[PDB]
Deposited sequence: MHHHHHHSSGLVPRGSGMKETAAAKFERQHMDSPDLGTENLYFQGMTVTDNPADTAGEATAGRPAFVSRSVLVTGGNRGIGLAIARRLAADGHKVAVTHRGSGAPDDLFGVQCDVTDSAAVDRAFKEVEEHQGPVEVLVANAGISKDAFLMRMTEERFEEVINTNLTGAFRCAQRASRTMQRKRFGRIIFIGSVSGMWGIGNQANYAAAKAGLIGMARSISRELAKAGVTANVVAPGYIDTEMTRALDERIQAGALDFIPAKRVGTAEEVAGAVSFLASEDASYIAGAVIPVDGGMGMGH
């Protein structure tokens, strides 16, 4: 076919999709025609989305959340690891706890979901693991020794998973957004490093996720898709 390939309704799970960027991702994938499930830490999801409670720092809860999703919409085919936190501080001011808590949620939590999803993904010969990284992973925003390390670790993990599982139809990619609006960052002068001279919207991030979850990205593995308006350009 010359046009867009035929659409396939995928079983989607968006971790941390109860608000913010994760909510816009989940609603975009639902409007695309997918079967979208989201996770929350207890407060619940909006009415328009199927929600399950899950803390990505608890391996038993991650396995428990996948069980509900498999029972509701089938085994997860597209994982969007979006849950994450930030604990910024100067290097000498950053404690061990504020470092490990960012690592455990942003890095290790994304591994727990990708490992739990890889079971059915290998047997069904299909899988889309989409980590939500950040420009800070390769650009290195100051006062983010923990956040920049976790977001950069997503690139290494996604590429180690891709080099193993791409032959079995399972790819792992990373969406790296810049400053996204969901104002103090603008007051501190963040616009000076963004060539687009504006912040991105959550819907623009969801547009990149919708691409990686569609039938137009089956030959894309280990990629870092920057949604930063040119902020993270470099090496």
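Regions left out of the model, expressed as runs of the deposited sequence counted from 1: According to the deposited record, C-alpha coordinates are absent for 1 to 59, 242 to 247, which together make up the missing parts.
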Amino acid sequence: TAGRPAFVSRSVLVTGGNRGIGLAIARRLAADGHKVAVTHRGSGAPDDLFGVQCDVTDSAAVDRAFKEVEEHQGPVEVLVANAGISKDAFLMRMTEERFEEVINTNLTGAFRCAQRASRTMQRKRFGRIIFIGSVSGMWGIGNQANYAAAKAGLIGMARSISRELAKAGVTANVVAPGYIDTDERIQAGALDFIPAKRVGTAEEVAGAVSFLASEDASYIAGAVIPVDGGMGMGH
From here on, numbers count along this sequence of modelled residues.
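151 to 159 or 70 to 78, whichever carries the higher mean Cα B-factor: Of 151 to 159 and 70 to 78, the stretch with the higher C-alpha B-factor average is 70 to 78.
Higher-scoring stretch by recorded Cα B factor average, 20 to 28 or 219 to 227: Between 20 to 28 and 219 to 227, it is 20 to 28.
Top Cα B factor in the deposited entry, candidates 201, 173, 210, 187: So the option with the highest C-alpha B-factor is 187.
Candidate set 117, 92, 130, 145 [ranked by C-alpha B-factor, highest]: By C-alpha B-factor in the record, 92 ranks first.
Residue 35, C-alpha B-factor rank within chain (lowest, middle or highest third): According to the entry, residue 35 has a C-alpha B-factor in the chain's middle third.
Chain-relative CA temperature factor third for residue 205: Lowest third, going by the recorded CA B-factors of the chain.
Chain-wide C-alpha B factor ranking for residue 11, given as lowest, middle or highest third: Lowest third, going by the recorded CA B-factors of the chain.
Residue 196 CA temperature factor, ranked by third within the chain: Its C-alpha B-factor belongs to the lowest third of this chain's values.
Assigned third (lowest, middle, highest) for the C-alpha B factor of residue 134: Bottom third by C-alpha B-factor.
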